[PDB]
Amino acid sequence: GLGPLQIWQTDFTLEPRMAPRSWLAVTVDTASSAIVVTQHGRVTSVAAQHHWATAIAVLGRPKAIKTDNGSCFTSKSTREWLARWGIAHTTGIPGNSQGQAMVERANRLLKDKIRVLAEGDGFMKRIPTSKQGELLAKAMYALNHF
């Protein structure tokens, strides 16, 4: 009962191998280190809400989420969506510096796993679109379980 708080860190990261939906939305559960990733065609507020809808189904509802001040995260729409769910939102400190370091380490382990699985399949450039889906699933698998 003295366990970790259910706080998430989310961010978006660009990955051209995953084009056209090359914007990967990544969420790290700081309680368990689990990771949830979704792809999007454009960074929008709505992209951020859809990514969270999916992470919540997978991780359960957090008590809070930390993001940077990107505008897709502090727009009105996003504040209202998070309010409707009852989740608190913080963008940390104005000149944070650090503080979002797990989601950033996550971003880097993820892109690396994607490159190594993609190349294992013989794709050295963009991944065929029909194949990105299982590859992105496979990457997430590899970083969360086995």
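Note that residue numbering begins at 1 and tracks the sequence as displayed. Between two forms, the rigid core is defined as the largest C-alpha subset superposing within 1.5 Å.
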Quick note, superposing on core in 6 other deposited structures of this protein and taking C-alpha RMS, the more shifted stretch of 84-92 and 54-62 is 84-92
For 27-35 versus 83-91, entry-based mean Cα B-factors point to 27-35
Quick note on 102-110 and 51-59: per-entry mean CA temperature factor is higher in 102-110
What third of the chain does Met124 rank in for C-alpha temperature factor, lowest, middle or highest? highest
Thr67 - Cα temperature factor, lowest/middle/highest third of chain: middle
Which third, lowest, middle or highest, does the C-alpha temperature factor of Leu2 belong to within its own chain? highest
Where does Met140 sit by CA temperature factor within its chain: lowest, middle or highest third? lowest
Here the Cα B-factor of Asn96, set against its chain, lands in the third termed highest
